[PDB]
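Engineer:
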Amino acid sequence: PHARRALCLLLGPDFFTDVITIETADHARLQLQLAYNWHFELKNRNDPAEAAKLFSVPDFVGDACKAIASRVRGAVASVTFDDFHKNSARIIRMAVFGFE
Amino acid sequence: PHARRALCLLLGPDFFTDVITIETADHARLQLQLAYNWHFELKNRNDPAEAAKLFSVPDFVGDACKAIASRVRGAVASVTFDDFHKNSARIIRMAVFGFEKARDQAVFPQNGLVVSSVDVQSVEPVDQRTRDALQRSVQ
Amino acid sequence: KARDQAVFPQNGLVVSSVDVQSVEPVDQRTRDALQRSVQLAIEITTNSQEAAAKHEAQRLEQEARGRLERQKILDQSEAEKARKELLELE
Amino acid sequence: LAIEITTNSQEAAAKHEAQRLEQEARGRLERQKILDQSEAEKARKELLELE
């Protein structure tokens, strides 16, 4: 959670990776290296308030992966191992994003 | 409850973690890492009364986790292990927030602390023999 | 159906919430007993997995023979459409 | 002996459920079955005309 110090907040279209450890309904123990493509998006780069919002969350990465892990881990527990292994792609890609 | 002393009261959108130990109806011993994304929410920032309300609860974090563990631990006792293991996500997500299906933000009215979402990152059988029994289930 | 605050009148103290954080069987022997009850609780779930699984295989087995047996029928009748003609020549 | 009775009550309600589900199984299955046999008889009758 604290393993790196930094001074400039990188907001451009970088990605970060994570390794989560999740469990299926079948109680299959799984480990997934995920990458999350991310970028901050500032609609009013000039607005001094919305700029500072950028630094609102102390640990933007932490905040992010913390959430994405919870989201997957919670959803995969609801699915069968075989079923996951066959659909991982869209299971996650749906468990992370508010499906439409 | 008292392992960190501090001078500035952090009120902005941080998250704090906790590791609780809860029992299901099946008497499954479970241990969860919960993160609680939170923020204090002051409407009248300049009003000195509501400003000081920030320092009402002497241990805002304690009070918060204290209360959350009670809410989870209480509602997980009325639920079956397996049924929980399939719906942990929403079992907790409801037990922490007064359901309306659920609600999505808890307010602690004394100090104004708002808990915005719970991140259930890690849930484990405490007893080894139980985790073993499950291993054959996967087999 | 219950209440939410307990006012102690003598000194005005109010208890606003009871946070039951932990509850434990005091006797070791008891908590031993209950660990077997969970052993048999995933037992029942393990077995109901096994169960509804075998129940599937059987319905799949039913598709199998039930379709296959009809394909077989609709084959023999095609052969008969031929055998009759051959039986004319015969 | 108090957790005895509850521990055994879990087993009991489990087996009763197991059995109700078992009912679902044979119950549908044996009717899926009849609905195949009749479907085959729809074919077999025509075959018997050729036969």
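As given, the protein sequences belong to chains U, G, V and A, one line each in that order.
Take the first sequence: its position 5, counted from the start at 1, is 512 in UniProt numbering, and no numbers get skipped.
Those letters in the second sequence? Residues 508 to 607, 621 to 659, by UniProt numbering.
Take the third sequence: its position 55, counted from the start at 1, is 675 in UniProt numbering, and no numbers get skipped.
Take the fourth sequence: its position 22, counted from the start at 1, is 681 in UniProt numbering, and no numbers get skipped.
No residue lacks a Cβ here, since even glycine has one placed at the ideal position from N, Cα and C.
#1: Helix or strand or just coil, what does DSSP make of residue 530(U)?
#2: Rounded to whole angstroms, what's the CA-CA distance from residue 537(U) to residue 588(U)? Just pull it up for me.
#3: Can the beta-carbon of residue 584(U) be found closer than 8 Å to that of residue 535(G)?
#4: Am I right that residue 541(G) and residue 524(G) are in contact with their C-beta atoms under 8 Å? What's the rounded C-beta distance?
#5: By a C-beta neighbour count over all protein chains shown, 10 Å radius and 16 as the cutoff for buried, is residue 581(U) buried or exposed?
#6: Please state whether DSSP places residue 579(U) in a helix, a strand or coil.
#7: For a cutoff of 8 Å on Cβ pairs, would you count residue 632(V) as touching chain A?
#8: Beta carbon of residue 547(U), beta carbon of residue 518(U): below 8 Å?
#9: Among 679(V), 663(V), 687(V), 694(V), which has the Cα closest to the Cα of residue 670(A)?
#10: Taking residue 643(G) as the reference, give the member of 591(G), 631(G), 630(G), 632(G) with the closest Cα.
#11: Given that a residue counts as buried once 16 or more other Cβ atoms are within 10 Å of its Cβ, and exposed if not, what is residue 604(G)?
#12: Hey, how far is the Cα of residue 638(G) from the Cα of residue 635(V)?
#13: Among 646(V), 648(V), 661(V), 631(V), whose alpha-carbon lies nearest the alpha-carbon of residue 668(A)?
#14: So which residues of chain G does residue 640(V) contact, with C-beta pairs closer than 8 Å?
#15: Give me the residue from 511(U), 533(U), 543(U) with the minimum Cα distance to residue 526(U).
#16: Name the DSSP bridge partner or partners of residue 644(G)?
#17: At the level of alpha carbons, what is the spacing between residue 703(V) and residue 695(V)?
#18: Answer with buried or exposed for residue 641(G), where buried requires no fewer than 16 other C-beta atoms within 10 angstroms of its C-beta.
#19: What are the start and end residues of the beta strand (DSSP E) that includes residue 628(G)?
#20: Confirm, please, whether the CB-CB distance from residue 678(V) to residue 722(A) is below 8 Å.
#21: Got a sec: is the Cβ-Cβ distance from residue 636(G) to anything in chain U below 8 Å?
#22: Can you pull the chain V neighbours of residue 690(A), defined as C-beta to C-beta under 7 Å?
#23: Is it buried or exposed for residue 688(V), if we count other Cβ within 10 angstroms and need 16 for buried?
#24: Relative to chain G, which residues along the region 659-685 of chain V have a C-beta separation below 8 Å, given in chain order?
#25: Could you check whether residue 699(A) and residue 690(V) sit closer than 8 Å to each other, using their CB atoms as the reference points?
#26: Considering only heavy atoms of the ligand HEM, does any lie closer than 7 Å to the CB of residue 519(G)?
#27: Alpha helix (DSSP H) containing residue 594(G): first to last residue?
#28: Please report the straight-line C-alpha distance between residue 510(U) and residue 594(G), rounded to a whole angstrom.
#29: Pull the bridge partners of residue 545(G) from the DSSP assignment, please.
#30: If you draw a straight line from the C-alpha of residue 621(G) to the C-alpha of residue 575(G), how long is it?
#31: Is it the case that the Cβ atoms of residue 529(U) and residue 539(U) are separated by a distance below 8 Å?
Structural biologist: So, from the data block:
#1: In this structure, residue 530(U) counts as strand in the three-state DSSP scheme.
#2: Roughly 9 Å separates the two Cα atoms.
#3: Contact: no.
#4: Indeed, because the Cβ distance is near 7 Å, the residues count as touching under 8 Å.
#5: Under the 10 Å beta carbon count, residue 581(U) is surrounded by 16 or more other beta carbons and is classified as buried.
#6: Three-state result, residue 579(U): helix.
#7: Chain A contact via Cβ: absent.
#8: In this structure, residue 547(U) places its C-beta atom within 8 Å of the C-beta atom of residue 518(U).
#9: It is 663(V).
#10: For residue 643(G), the nearest C-alpha among the options comes from 591(G).
#11: Buried, by the Cβ-count rule.
#12: In this structure, the alpha-carbon of residue 638(G) lies about 26 Å from that of residue 635(V).
#13: Of the listed residues, the one whose Cα sits closest to residue 668(A) is 661(V).
#14: Under the 8 Å cutoff, chain G gives 577, 580, 581.
#15: Of the listed residues, the one whose Cα sits closest to residue 526(U) is 543(U).
#16: In DSSP, residue 644(G) forms a bridge with 538(G).
#17: So the two alpha carbons sit approximately 12 Å from each other.
#18: In the assembly as shown, residue 641(G) is a buried residue. Its beta-carbon has 16 or more other beta-carbons within 10 Å.
#19: It spans 626-628 - the beta strand (DSSP E) in which residue 628(G) sits, taken as one unbroken run.
#20: Absent from the structure is residue 722(A), since the part of chain A shown begins at 660 and ends at 710.
#21: It does not; no Cβ of chain U falls within 8 Å.
#22: Within chain V, no residue has its CB atom less than 7 Å from the CB of residue 690(A), the nearest being about 10 Å off.
#23: In the assembly as shown, residue 688(V) is an exposed residue. Its beta-carbon has fewer than 16 other beta-carbons within 10 Å.
#24: Within the region 659-685 of chain V, the qualifying residues are 659, 661, 662, 663, 665, 666, 669.
#25: Taking 8 Å as the Cβ cut-off, residue 690(V) and residue 699(A) qualify as a contacting pair.
#26: In terms of ligand content, the structure shown is empty, and the ligand HEM therefore cannot be addressed.
#27: 588-602 is the span of the alpha helix (DSSP H), which, as asked, contains residue 594(G).
#28: Spanning the two alpha carbons is a distance of roughly 32 Å.
#29: DSSP lists 635(G) as partners of residue 545(G).
#30: Answer to the nearest angstrom: the Cα atoms are 19 Å apart.
#31: Cβ distance < 8 Å, so residue 529(U) and residue 539(U) count as in contact.
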